[PDB]
Amino acid sequence: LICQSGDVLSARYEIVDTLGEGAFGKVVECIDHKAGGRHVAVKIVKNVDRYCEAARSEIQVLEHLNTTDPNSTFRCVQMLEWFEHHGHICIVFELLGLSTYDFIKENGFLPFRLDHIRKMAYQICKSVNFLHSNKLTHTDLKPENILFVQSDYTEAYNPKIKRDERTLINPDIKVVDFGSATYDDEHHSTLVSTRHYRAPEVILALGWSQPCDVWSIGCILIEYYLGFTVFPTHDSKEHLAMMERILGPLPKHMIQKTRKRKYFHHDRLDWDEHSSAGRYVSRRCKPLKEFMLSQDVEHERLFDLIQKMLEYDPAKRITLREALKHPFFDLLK
Ligand SMILES: CCOC(=O)c1c(/C(C#N)=C\N)c2ccc(Cl)c(Cl)c2n1C
């Protein structure tokens with residue numbers, strides 16, 4: 001019964017629900033018996049070396065970020081305390097609401113309204129830019145790691161789509177999961193990110209830094225806009241073929257540098273468009289701007305920003321400092 005509902009951590013936190021599970025362990029909702037029964041979130045990490053290590057690294061990162069930004073102006077999740085419980089590192093957080101992934105899924109994969117996307121995108125870019133300004137890269141940006149502060153919603157019949165639709169009262173977010181976050185002068189893992197959000201420099205093992213987060217954010221924005229991924233794959237070569245269909249050919253210099261020679265023939269993707277997998281990619285993917293659902297100026301500007309975030313060469317890719325000035329964001333000011 002340890003670390004299951006009914007267990008009590010640090011003599012005050014009673015587990016009442018499991019909020020989510022990941023490779024690291026789980027996050028639970030607790031009643032805090034020493035603070036009037038108010039609820040908190042507790043991240044409970046497996047007693048397995050690599051997860052313990054990552055959790056210690058997360059704690060260090062959160063102590064740095066939370067000391068620099070004690071009011072979470074830059075929207076990183078607030079750690080309240082941490083402790084060990086039967087060999088498990090436990091990190092207590094402010095209780096947040098649903099992830100952006102869970103909200104989309106619960107809404108039947110309807111995409112977010114553009115005005116919500118603009119607010120969420122700005123907040124994500126502000127947050128991650130704060131990390132970048134502090135010599136950190138998140139490395140694991142995805143919708144499941146962007147959480148709403150309050151996920152309360154209103155429901156209205158939408159006569160366009162002829163279904164009921166949920167709309168957030170407040171779309172404010174925070175960025176979570178710092179267990180993979182890497183300082184500039186620390187060891188960089190070979191493979192980072194969750195596949196659908198993984199930058200091409202990572203796939204090609206060329207080395208990565210802050211730009212890989214910017215590629216991930218571009219992928220997130222597409223997902224918010226469409227309600228689905230443009231990279232429906234679990235294979236690296238296929239992922240690269242999907243990129244070529246959507247974004248155009250990979251740059252020759254990146255291809256020349258890579259040691260991932262299995263993906264290439266001459267200095268071109270080794271991909272048969274007439275194969276079954278080729279037909280799949282041809283059917284599911286198409287040039288980026290063909291995905292737009294409107295040609296109005298606000299949609300055009302969102303897609304201009306996404307295209308700059310999905311620049312292949314990390315040295316040329318837009319920085320979040322530059323992104324925060326993009327005209328997509330003016331209606332917020
Ligand atoms: C992969 C499972 O992650 C979550 O379940 C999750 C996560 C994590 C982590 N770590 C990542 N999505 C949470 C981080 C902080 C807070 Cl306050 C909450 Cl409520 C979190 N939850 C619910």
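Note that the numbering runs from 1 along the sequence shown for the chain. Whatever order the structure lists ligands and atoms in, that order sets their numbers, starting from 1.
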Point to revise | Distance from atom 5 (O) of ligand 1 to nearest protein heavy atom, with residue and atom | key: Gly20 CA, 3.1 Å

Revision key, fill the gap. The answer for which part of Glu94 has a heavy atom under 4.0 Å from ligand 1 is backbone

**Study point:** Geometric N/O contact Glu144 with ligand 1, under 3.5 angstrom
**Key:** yes

Revision key, fill the gap. Check: of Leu147, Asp177, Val92, min heavy-atom distance to atom 18 (C) of ligand 1 comes from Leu147

Exercise for review: Answer yes if the ring centres of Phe231 and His196 are under 6.0 angstrom apart, and no otherwise.
Suggested key: no

Revision key, fill the gap. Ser151 meets the side chain to side chain donor-acceptor pair (under 3.5 Å) criterion, sequence neighbours left out, with none

Exercise for review: Could you go through the salt bridge (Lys or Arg N to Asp or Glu O under 4.0 Å) check for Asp235 and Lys237 one step at a time?
Suggested key: CA-CA 6 Å; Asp235 175 82; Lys237 194 168 69 180; over 6 Å; no

Review point. With a cut-off of 4.0 Å, which atoms of ligand 1 are near a heavy atom of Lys43?
Key: 10 (N)

Point to revise | Residue selection (non-hydrogen contact nearest atom 8 (C) of ligand 1) among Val42, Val176, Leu95 | key: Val176

Practice item. Flag this pair as yes if the NZ/CZ of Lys43 is under 6.0 angstrom from the six-membered ring centre of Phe93 and inside a 45 degree cone about the axis; otherwise no. Key: no

Practice item. Using atom types as modelled and distance alone, determine if a side-chain donor or acceptor of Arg198 lies under 3.5 Å from a backbone N or O of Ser193. Key: yes

Revision key, fill the gap. Numbered in order shown, the ligand 1 atoms found under 4.0 Å of a heavy atom of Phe93 are 15 (C), 17 (Cl)

Check your understanding: Looking at ligand 1, does any of its N/O atoms fall within less than 3.5 Å of an N/O of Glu21?
Key -> no

Practice item. Sequence neighbours left out, what pairs pass salt bridge (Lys or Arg N to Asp or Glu O under 4.0 Å) with at least one residue falling in residues 80-95? Key: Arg56-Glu84, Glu94-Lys174

Study note, to complete from the structure: Closest to atom 22 (C) of ligand 1 among protein heavy atoms sits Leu19 CB, 3.7 Å

Exercise for review: Run the numbers for me: atoms of ligand 1, each under 4.0 Å from some heavy atom of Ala41, listed by number.
Suggested key: 17 (Cl), 19 (Cl)

Review point. Can you tell me the protein heavy atom closest to atom 6 (C) of ligand 1 and the distance?
Key: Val27 CG2, 3.7 Å

**Study point:** Side chain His33, main chain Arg12, donor-acceptor under 3.5 Å
**Key:** no

Review point. Does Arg279 use its side chain to pair, donor to acceptor, with the backbone of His274 at less than 3.5 Å?
Key: no

**Study point:** Contact check: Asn145 vs ligand 1, nitrogen or oxygen atoms, below 3.5 angstrom
**Key:** yes

